[PDB]
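Colleague: Next up is a structure, given as structure tokens.
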Amino acid sequence: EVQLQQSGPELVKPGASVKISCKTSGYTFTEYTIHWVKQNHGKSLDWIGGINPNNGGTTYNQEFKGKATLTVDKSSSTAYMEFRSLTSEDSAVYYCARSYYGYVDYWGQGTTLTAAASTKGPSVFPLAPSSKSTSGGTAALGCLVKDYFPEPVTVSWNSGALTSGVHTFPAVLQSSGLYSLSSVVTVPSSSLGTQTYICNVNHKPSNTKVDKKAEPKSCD
Amino acid sequence: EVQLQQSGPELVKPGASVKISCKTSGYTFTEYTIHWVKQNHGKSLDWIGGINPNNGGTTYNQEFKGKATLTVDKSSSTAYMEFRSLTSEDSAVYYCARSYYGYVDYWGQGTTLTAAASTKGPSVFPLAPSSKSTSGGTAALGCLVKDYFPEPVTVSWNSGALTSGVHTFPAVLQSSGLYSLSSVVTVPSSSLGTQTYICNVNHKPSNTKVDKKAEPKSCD
Amino acid sequence: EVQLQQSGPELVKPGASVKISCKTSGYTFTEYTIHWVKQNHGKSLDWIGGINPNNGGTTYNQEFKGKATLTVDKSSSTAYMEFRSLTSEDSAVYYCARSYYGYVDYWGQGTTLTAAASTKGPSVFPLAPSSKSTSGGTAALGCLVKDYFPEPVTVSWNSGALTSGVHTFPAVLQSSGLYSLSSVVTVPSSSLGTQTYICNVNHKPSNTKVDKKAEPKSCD
Amino acid sequence: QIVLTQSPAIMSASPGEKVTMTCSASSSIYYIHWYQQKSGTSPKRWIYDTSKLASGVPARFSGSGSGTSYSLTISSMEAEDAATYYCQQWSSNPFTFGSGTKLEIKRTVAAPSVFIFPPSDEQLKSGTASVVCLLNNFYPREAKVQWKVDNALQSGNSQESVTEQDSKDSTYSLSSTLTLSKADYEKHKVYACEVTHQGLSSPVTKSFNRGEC
Amino acid sequence: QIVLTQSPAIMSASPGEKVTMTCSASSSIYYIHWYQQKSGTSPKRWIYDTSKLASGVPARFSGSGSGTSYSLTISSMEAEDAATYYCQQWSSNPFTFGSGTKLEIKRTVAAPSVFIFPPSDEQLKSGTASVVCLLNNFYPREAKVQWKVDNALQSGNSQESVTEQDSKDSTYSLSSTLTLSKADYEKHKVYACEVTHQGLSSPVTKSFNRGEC
Amino acid sequence: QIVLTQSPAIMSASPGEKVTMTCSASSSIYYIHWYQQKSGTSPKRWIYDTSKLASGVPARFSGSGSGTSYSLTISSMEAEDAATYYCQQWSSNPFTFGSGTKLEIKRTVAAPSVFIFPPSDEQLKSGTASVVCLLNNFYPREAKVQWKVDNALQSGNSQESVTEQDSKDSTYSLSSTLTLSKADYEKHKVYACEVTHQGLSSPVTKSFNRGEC
Amino acid sequence: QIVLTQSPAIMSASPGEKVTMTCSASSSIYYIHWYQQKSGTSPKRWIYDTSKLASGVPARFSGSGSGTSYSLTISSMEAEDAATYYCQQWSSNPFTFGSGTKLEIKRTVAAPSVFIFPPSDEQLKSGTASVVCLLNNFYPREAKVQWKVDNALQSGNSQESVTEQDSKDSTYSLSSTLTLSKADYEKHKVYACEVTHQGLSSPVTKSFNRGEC
Amino acid sequence: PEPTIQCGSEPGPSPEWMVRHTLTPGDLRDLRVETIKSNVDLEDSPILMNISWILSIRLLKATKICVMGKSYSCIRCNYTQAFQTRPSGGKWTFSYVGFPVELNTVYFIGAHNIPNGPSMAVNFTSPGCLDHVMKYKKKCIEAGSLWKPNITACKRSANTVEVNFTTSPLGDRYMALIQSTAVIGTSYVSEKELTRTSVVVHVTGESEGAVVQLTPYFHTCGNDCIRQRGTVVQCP
Amino acid sequence: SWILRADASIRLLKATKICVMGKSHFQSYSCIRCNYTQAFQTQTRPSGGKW
Ligand SMILES: *[C@@H]1O[C@H](CO)[C@@H](O[C@@H]2O[C@H](CO)[C@@H](O[C@@H]3O[C@H](CO[C@H]4O[C@H](CO[C@H]5O[C@H](CO)[C@@H](O)[C@H](O)[C@@H]5O)[C@@H](O)[C@H](O)[C@@H]4O)[C@@H](O)[C@H](O[C@H]4O[C@H](CO)[C@@H](O)[C@H](O)[C@@H]4O)[C@@H]3O)[C@H](O)[C@H]2NC(C)=O)[C@H](O)[C@H]1NC(C)=O
Ligand SMILES: *[C@@H]1O[C@H](CO)[C@@H](O[C@@H]2O[C@H](CO)[C@@H](O[C@@H]3O[C@H](CO[C@H]4O[C@H](CO)[C@@H](O)[C@H](O)[C@@H]4O)[C@@H](O)[C@H](O[C@H]4O[C@H](CO)[C@@H](O)[C@H](O)[C@@H]4O)[C@@H]3O)[C@H](O)[C@H]2NC(C)=O)[C@H](O)[C@H]1NC(C)=O
Ligand SMILES: *[C@@H]1O[C@H](CO)[C@@H](O)[C@H](O)[C@H]1NC(C)=O
Ligand SMILES: *[C@@H]1O[C@H](CO)[C@@H](O)[C@H](O)[C@H]1NC(C)=O
Ligand SMILES: *[C@@H]1O[C@H](CO)[C@@H](O)[C@H](O)[C@H]1NC(C)=O
Ligand SMILES: *[C@@H]1O[C@H](CO)[C@@H](O)[C@H](O)[C@H]1NC(C)=O
Ligand SMILES: *[C@@H]1O[C@H](CO)[C@@H](O)[C@H](O)[C@H]1NC(C)=O
Ligand SMILES: *[C@@H]1O[C@H](CO)[C@@H](O)[C@H](O)[C@H]1NC(C)=O
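What follows is the structure in structure tokens.
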């Protein structure tokens, strides 16, 4: 089966260069054009350009011509896109995709690029279960994961051993530019005094791992 | 694909000589004329001259003749432009470009040349958000970056995480001969006292890096 | 509605005067310039001049100043052009036209002026149908209208009662200075023995009307 | 360049309901292609060459049109069809995508369960107070959340975050976070979250008294 | 004074095809104006202020340009577009016109039908002999007519006249008249008209012998 | 020797409107070429050989002309089109450019939000006082800023800086910086920025009193 | 001034195949309307307001489009659909029609049956001889007929006429009429009509000898 | 968004520099004029000129405009600013509203820049009281320019015509007249109320299809009021 | 009621004026101006259909 495998997320200082890769397999590399597509937080899809690996022919969306450069490497069956001077307007997910005619039939998994000087791991605060977060015998508790940059964070609970209702609130961009999210779980209220709940917060961009015990409020 | 890769920015003593380079790739170097183009702060484009890389033959704009010399090095597929005595009138961005017939179909990214007798890093002052602000409403804050030379400075906020609502104004030449600019951002007034705002100012010519936290002025 | 009504055709001796008129209606006479335009058999349009009816102010094509004179009569809302000393070169169609701004939006219908020192009526000879003018069951026959001056002649067939292929060729200038014209019609060859064909030739300048019956040749 | 205008931009359909969405090109194209994208993953080829189904696509999907006018139709809406649909052309350079149709799954009204969380003491040490109000498992998305502090209506100091539609019951959950300096938080007593929703006969308020224990 | 050079001076286009004609000013003008004239009638304002359509002109016509360079374009030729187009300026005195583009209808090749006419006895009794050769309903306009008198090729003693394009089939007809003194006509026997045209694979000849029926 | 004159130097166009810009050569040239430049990057080939579009250039663009007169046309203005366009010739040495047409996008009028910032204590310690007035996200660009110090109108001691049009909302922002010695600054109490703009019916004034937070 | 361009001008479809025809406006219109016309009757309103069917019009017809581009689509061709379809706008004066799409029925190839008719004795009394060659019930329409007299190719003395598609079997028939003087007719013996058609492997020749009943 | 103009009066260099006896080229369009009703209500409004001009010499300090009615008056418009030519996407355009417009008058307007016929000039002849703008002139209104009586005239018998019309607030007396090849009937009417009234006019001949003429006698127009016409028709 | 055309000029739109003329024996004439509270971001309504 055909696969397009893209390189991992990157933080790149504004003004520096970056080259992301798209490793193809399962078909004859020289037979299909490779396209690159941008999707920022606005969720719209923007075509950047395409390259034919057989002869190097290229065409660009002019909003990216002079900004992105497309290349191929036949021996590894790999396509590349290089930004020469990454700016904050370039922070986005970038996809590669394969075409034969006018449509793309296989997509890469996407590469997140962040144009910033630094990363910042989260502070993790408890959302403590109480009578004010209980209904019909189920208590809600969670972790407030605030002031991190860039996305994403992942949260598991009790290292994956916990069965429970789960509500994951998507990150919200704060006016400082830092993100905040809540991860909430619903459990039997009668379990509070006996079971411990640890949210495992992971922030790969800053190589941060934090375990936070969330404990019941003593005021019911 | 064709690429013209130009050398980086240069600070040059007034009256001194400087040589910038243009690295071509993706085509037969000896087959295409290389042109050099100046763009001053008035943004008009001035052709300086062109060179036939096959034989080194040149033609100069006589409005520049004797000030600039064009050379190539065929072995590295590179074109060069040398100014014998850069003056303040010569500070500008310089492009190389490849021609086919009468038009240029590929441009280098430009090289800024600055004639500077000295460098001076900026002072960075806070532009403090006002206490007399509307309930909810929008507050503004910023950083004043004063008395530096030559251009440019770079300004980010919260290490690049804060881009929305940011206006970094064009530098203004003061009557002192030094530049100054402000970078401002508008935020919810309720974020004053809950969020941290730091402007990160960099002036590469003087190796100056300043981070400035901007807070509401202290009442007492 | 706007209308520019021009006077009728004129046959005039060279050296005499003639004044052609342009009767305007449907608008305020004084608000619009009146132009005059000559068109020879060469088909090109030549501007003669224009007049402001308000004050009679004029400007001429200098090839016509002092040959043509433009005047207005505000009371009748009428424009005039006078050739005081007509020459043979002045035979042409003459248009009046109204302009606002640089373009003409309404045209008169045209006035033909013919400069002739004498007239000469044509001889009208038959072009008799035969087997050498027959093809595909179609016989051609006509009238040769020879040696007349000046233009024009009109030719009808069977007093307007004839439905047929009609070809009236433009007059040709003979080396004598006299004109000659052929009018031909195509008819069923099977009709040449029951149907009669008469060409009606009118030469107004000489007050000549000639009807000529055209019949196939037969041996004595 | 060729603009593909997609309508409607957002819509919801009940299970079993017929769904049509249109793609209008600013100039004529030879084919239109459609991609499906669900939250957090790559778009997938869905309909190509205007009317052909990609591998894996159920035939309740169909595509039609020609010239500048195209449509995608779902004969019977399924919950798994909730997604964003993009049309796309490459009849002229540049290759362009449409602006997208977000399709959600409609269900019967469900009232939220409202929960409130006071600031942690750990956060107050750092100087700020985030008060969190939770709206759990409701439909439709529309809801009014108003904060009141000592019966004083707040504005401009809170942010909302809304979940994706639940995979099992298609409801939404919503969080509203009121953020104040440690100073302003420790200055007041009653923090209230007031929820207005179609599934509630009267607006619901959940509160806590600062300084209870 | 602004001279307006129009190109091409004459052209033909098949119905439905795109037509461009240009108007080049010897110096810059603020506007160009265009008039349409069909044979024997007044010009009509057609395009004015460089790009505006006069009332009644179909939008298959467009005008553009600036400075010294202007053009008129027909997106799709119609039969009724056949005409002479004059451009015109009055940014400077004198007011001037261009030399005109004559636009004709292209159609398929059609070979002429050739007919020949001896002089009438009435003309002979007057002293001159006109021999007439007729080419009927042919296209394109180009045609060669050569007279032979007792197989001697003639030159300098004939004149041609051609009609405008027929309103129904867009063909031309041509008359060629050979003139001789009565003395010369009565001295020779075989009078021939030899016609060369694109629609004939070899030149066609029509002839008569003086005194035949 | 040939030079190129471009008109207009600066223009703003409503979204959807037809745009033309002209290039006039001092004597006749064989071709004109057009480059687009957006702020902070290299010019890109846009239209070349007078009328050919580079790959990726929207077909809403066209070029025409001949002799000494050329133009670039946008059939319907889009926000992405705002940029500076330079024409260029190399029919004679030296290779030359025109001075450019700066094309901006028109949007609805929007009044600025005005903010005034006192000098920092860190700056005063050095002996100089900068007072900054901010006009945020307004349209059109024209705006008047008057400084008043204890109601005395200032002049000659202020500088303005204006951003380029925002790519997303097409507004401008402006800073006016009033600079004083520490000596003169500490003599007065009321520092005011008064703003006149088409989107404000009456002038707006923002003030602070020296040394009051 | 809006002109409407229809494509294709003429087309054929087999029963059961999908049919699309387009209507392109020189500029934007609010609606397009379509009329069906069969030979010998008034046009009938078919699709109006771009996509509405007049009462009774089969639902296999649909209309779509916007701005300047519209189309009429038949999901599955039926023989009752053969007709000319005109589009029409009245968003600006003058009210205008498109030039029409003539839709014919495609069917299997059928070779013509060829017949040749000598001139009647009644006509020969008049001096003219019409020789008629008939190609009956063939498909497709394209066919070549060449006349031969004593094996000499004729040209310029024949005219062809073709019927519309037969209502019952969808074939065409063609007449070619060769006209000669009686004089030329009585000079030759063998009159031949040679017919070329896709349904014949080799041209068929039909002939008669003059006066051989 | 441009430099502003403050205009005031100034003497003029005599009406000879404007009305020359040659033609100025018609595509010199830098000066435009249109007649405008200044008052937005439907009562009496002054009718003024909207004189516009387009600004290739770079900068300038004043533009002079002279208007001649066949009267002679000039305005000098000073620019409060200048920019060292066309910043908006249009050209550079200014307009001055002034110069009250009289009925049936020919107007010569010429303009020239300071510092610098003339290239900026426009001429126009004003219409009369039947014109859609000039009918709002006070003198036209007082002659009945805005009266809409909506005449209906109906043949009742062989010698009677029923004439209905709506009166005007400008006056109380009207004369209704019926005319075919000759006047066949007349009625002088007094009506104090603003209503659609009815009047019977005694006719002596055949009144079907004749013209009905309503003459109002408003005190301000004397015998020169705008007359209203209709036609006698049959009845439903 | 009015429908807004769906073209790029809508992005500059700020008001629609409506005038009504009654043709009674004494004619009425009044105009209303309706100002749009925001700029139009999309040429059509995002939930479907012209504005
Ligand atoms: C004079 O004549 C005109 C023309 O005939 C009349 O115009 C009609 O007005 C009514 C009243 O507003 C309209 O019905 C309403 O339309 C609303 C808009 O619906 C559209 O958008 C929806 C999505 O957006 C909606 O929700 C979002 C957030 O959720 C909001 O931003 C937005 O404001 C919308 O409310 C789509 O789902 C929908 O398909 C439309 O495309 C409807 O929202 C509204 O529903 C509300 O009210 C309902 C009861 O009326 C209730 O059942 C719902 O739950 C909801 O609360 C309602 O349907 C007509 O559309 C409109 N017709 C036309 C042709 O314009 C006008 O009323 C009349 N005036 C008088 C006085 O008679
Ligand atoms: C290269 O590829 C092309 C196509 O890209 C082939 O061209 C096709 O050739 C086949 C036959 O070889 C044709 O099939 C025939 O179609 C006829 C109908 O013609 C109309 O309809 C078709 C669409 O189906 C149109 O393409 C066509 O232009 C017409 O509009 C049938 O009537 C044919 O049967 C006839 O021929 C046989 C003998 O040959 C008789 O016995 C039958 O009774 C009847 O008379 C047949 O079904 C097809 O139409 C062609 N298409 C095109 C587009 O041209 C070439 O054949 C191929 N080259 C090679 C070497 O194979
Ligand atoms: C053949 O064409 C296809 C379609 O354009 C293309 O994807 C492929 O790369 C081409 N193959 C080669 C070897 O060039
Ligand atoms: C215009 O300027 C002149 C000279 O400066 C002056 O005399 C005149 O009064 C000014 N006009 C107005 C209306 O201010
Ligand atoms: C105005 O009238 C004058 C005097 O007759 C004339 O010179 C001029 O051409 C007229 N203006 C225009 C625009 O024609
Ligand atoms: C005056 O005329 C110009 C040009 O048409 C127009 O833009 C302007 O709005 C007019 N002003 C008035 C008050 O009519
Ligand atoms: C004129 O009066 C008649 C009768 O009252 C009325 O029906 C008609 O509508 C009126 N017309 C106008 C234009 O006022
Ligand atoms: C005139 O008015 C009278 C009274 O209202 C009415 O009966 C009659 O029908 C009207 N006639 C005409 C012609 O308007």
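Protein chains in written order, with PDB author numbering: chain F, 1 to 220; chain G, 1 to 220; chain H, 1 to 220; chain B, 1 to 213; chain D, 1 to 213; chain C, 1 to 213; chain A, 1 to 213; chain L, 1 to 55, 60 to 74, 79 to 92, 95 to 126, 133 to 252; chain I, 52 to 102.
The beta-carbon is built from N, C-alpha and C at its ideal position, and this holds for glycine as well.
1. Could you give the distance in angstroms between the alpha-carbon of F:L141 and the alpha-carbon of F:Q5?
2. Does any residue of chain B bring its CB to less than 9 Å from the CB of F:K217?
3. Measuring only between beta-carbons, confirm whether residue 219 of chain C sits less than 9 Å from chain F.
4. Counting only C-beta atoms, is H:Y103 closer than 9 Å to chain D at any point?
5. Just tell me which of H:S7, H:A79, H:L86, H:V72 has its CA closest to the CA of H:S17.
6. How many angstroms separate the CA atom of C:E17 from the CA atom of G:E215?
7. Under a criterion of Cβ closer than 7 Å to any non-hydrogen atom of ligand 2, which residues qualify, in chain order?
8. Give me the chain C residues within the contact set of residue 224 of chain B, using Cβ-Cβ distance strictly less than 7 Å, ordered along the chain.
9. Please identify the residue among D:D49, D:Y85, D:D166, D:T96 whose C-alpha is closest to the C-alpha of D:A25.
10. Does the Cβ of L:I36 lie closer than 8 Å to at least one heavy atom of ligand 6?
11. For the alpha helix (DSSP H) that contains A:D121, what are its first and last residues?
12. Excluding five sequence neighbours on each side, which residues of the same chain lie with their C-beta closer than 7 Å to the C-beta of C:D81?
13. Cβ closer than 7 Å: which chain L residues qualify as neighbours of D:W46?
14. Using a Cβ distance threshold of 8 Å, determine whether the region 26 to 45 of chain C contacts the region 107 to 117 of chain G, with at least three qualifying pairs required.
15. Does L:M136 pass the burial test, meaning 16 or more other C-beta atoms within 10 Å, or should it be called exposed?
16. Going along chain B, which residues have a C-beta under 8 Å from I:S98?
17. Taking C-beta to C-beta, are H:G56 and D:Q88 nearer than 9 Å?
18. Quick one: does the C-beta of G:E10 sit closer than 8 Å to a heavy atom of ligand 3?
Modeller: Walking through what the data contain:
1. Counting from 1 along the first sequence, the entry for residue 141 of chain F is found at position 141. Counting from 1 along the first sequence, the entry for residue 5 of chain F is found at position 5. So the alpha carbons of these two residues sit roughly 38 Å apart.
2. For the purposes of this step, residue 217 of chain F is taken as the residue at position 217 of the first sequence. Yes, F:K217 counts as interfacial toward chain B.
3. No statement about residue 219 of chain C is possible, as the shown extent of chain C runs from 1 to 213 and does not include it.
4. Walking along the third sequence from the start, residue 103 of chain H turns up at place 103. So yes, H:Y103 belongs to the interface.
5. Here the question's residue 17 of chain H lines up with position 17 in the third sequence. Minimum Cα-Cα distance from H:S17 among the listed residues H:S7, H:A79, H:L86, H:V72 corresponds to H:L86.
6. Locating residue 17 of chain C in the sixth sequence gives position 17, counting from the first residue. Locating residue 215 of chain G in the second sequence gives position 215, counting from the first residue. In a straight line, the C-alpha of C:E17 is about 46 Å away from that of G:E215.
7. Going along the chain, the residues that qualify are A:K106, A:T108, A:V109, A:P140, A:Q198, A:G199.
8. Beyond the ends of chain B as shown, which are 1 and 213, falls residue 224 of chain B; an answer cannot be given.
9. As a working note, residue 25 of chain D is residue 25 in the fifth sequence. Here the closest residue by C-alpha is D:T96.
10. Numbered from 1 along the eighth sequence, position 36 holds the residue referred to as residue 36 of chain L. Checking every heavy atom of ligand 6 against the Cβ of L:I36, one is found closer than 8 Å.
11. For the purposes of this step, residue 121 of chain A is taken as the residue at position 121 of the seventh sequence. Its alpha helix (DSSP H) spans residues 121 to 124.
12. Translated into the one-based positions of the sixth sequence, residue 81 of chain C becomes position 81. For C:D81, same chain residues with a beta-carbon under 7 Å away, outside a window of 5 residues either side, are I74, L103 in chain order.
13. Working through the fifth sequence from its first residue, we reach residue 46 of chain D at position 46. Residues of chain L whose Cβ lies closer than 7 Å to the Cβ of D:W46 do not exist, since the nearest Cβ in that chain is about 17 Å away.
14. Yes, the region 26 to 45 of chain C is in contact with the region 107 to 117 of chain G.
15. One-based indexing of the eighth sequence puts residue 136 of chain L at position 120. L:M136 is buried by the Cβ-count criterion.
16. Locating residue 98 of chain I in the ninth sequence gives position 47, counting from the first residue. Residues of chain B with a Cβ closer than 8 Å to the Cβ of I:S98 are, in chain order, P8, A9, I10, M11.
17. Against the third sequence, residue 56 of chain H aligns to sequence position 56. Against the fifth sequence, residue 88 of chain D aligns to sequence position 88. No, the Cβ-Cβ distance between H:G56 and D:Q88 is not below 9 Å.
18. Stepping through the second sequence from its first residue, residue 10 of chain G is reached at position 10. G:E10 Cβ: outside cutoff for every heavy atom of ligand 3.
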